[PDB]
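First, one chain by itself in structure tokens, the form deposited in one PDB entry.
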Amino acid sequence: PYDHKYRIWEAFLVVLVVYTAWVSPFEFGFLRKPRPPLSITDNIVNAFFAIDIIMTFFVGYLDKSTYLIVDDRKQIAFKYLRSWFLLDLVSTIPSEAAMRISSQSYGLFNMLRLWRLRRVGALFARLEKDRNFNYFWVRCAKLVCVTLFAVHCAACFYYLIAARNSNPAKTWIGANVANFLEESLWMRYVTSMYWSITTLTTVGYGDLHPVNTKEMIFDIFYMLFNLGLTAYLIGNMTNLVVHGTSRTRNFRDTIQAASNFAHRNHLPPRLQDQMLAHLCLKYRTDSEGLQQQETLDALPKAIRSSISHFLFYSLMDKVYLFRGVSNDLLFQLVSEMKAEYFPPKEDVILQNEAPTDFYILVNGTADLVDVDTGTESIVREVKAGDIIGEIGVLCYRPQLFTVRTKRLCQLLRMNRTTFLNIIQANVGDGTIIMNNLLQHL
């Protein structure tokens, strides 16, 4: 059904398909009777496909209407036996019997083995529906394969309607090569493949062109096919390019109509620096994760408060504040804390302001740079899991010292309004103020 070994086996019958896709057209076009170097290998493959004819009874048959995989040993045997049985059965009949019953069939008969190509289509369907597989490398491969297969079948058919012509001189290949029936199959195959790819790519040199009316009609239909095939290829390549670059094109519009916003205004260039230094950083921490906000917020608050509890909980309980407090108050306020990132050498809380917010560090570091009338001096080294500026907001005195990030680090914002609206809902104010005035020791 879904077993590990099974999936490996099915992915092994596929390289055997890729083998048949090349060999069956090749024996159609280029060969008249089984030859040892090939009539021994396509018997092996027939055995490996007859084996899967019996092993496809002991499989876990799955229905979509009912999500249960039918493990019955007898209801699978009556569904597979319905649709793909005589097809998969006749497809593995060795050509040595089809010749015994009737000669002059070896070519058209073993073209039935193209029936084992549903496996490739099924594998590609599974690949694109998957999510661990780059859609680029799964779509830009179904096209390469169908193109190579078209080129190959066209080569073999166009050589076949040349080998069977009653006079080999008035053919598309006998016009260049005098006696092409006395040349290595390698050379004939290369000439045919070369013609077919020159006419599919619309180069069309002019050597190797139709010479009589049968080749002309085949070529008319082949070129009609190629017209649509190439339009389809260009469509899919445009679709790949459009989505492949859709990210940079968006960051560019962001920067564009965020400089514009500074032009339909007069902002001093200093803050027009921090803005573009924060917007770019916001794009380097989104192509890498850690700040996928406009996804995280589109979730329900009953999950968006379960994530931000799995990350910042075992961090917040180690603050010197929140020493003794009911776990539920923690889980409650940690739910509401907007995490933001900051470039290095950035002043988050510049000294002598209104004590509005207070942050908690999770990464990076900074220091409490102490600025007097004129001086710049630092006495601290804050680390992961430490508060800043909270003394100001829990006493409504102006901020004590500047803070300048000395790296790139992410903090947790929690405004004073929400904090006071939360703290009153419980009585932990006592323990909080206790620990806080205890901090002065």
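Each residue number is its position in the shown sequence, starting from 1. C-alpha atoms forming the largest set that superposes within 1.5 Å between two forms make up the rigid core.
Beyond what is shown, the protein has a form deposited in another entry; the following relates to that form.
Summarising the superposition on the core between this form and the one not shown, the listed residues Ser314, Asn176, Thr202, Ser184 contain exactly one with a Cα shift of 2 Å or larger, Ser314. Superposed on the core, the two forms differ at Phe401: its CA moves 2 Å or more between this form and the one not shown.
Superposition of the core reveals a Cα shift of less than 2 Å for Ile40 between this form and the one not shown. After superposing the rigid core, the Cα of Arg252 is displaced by 2 Å or more between this form and the one not shown.
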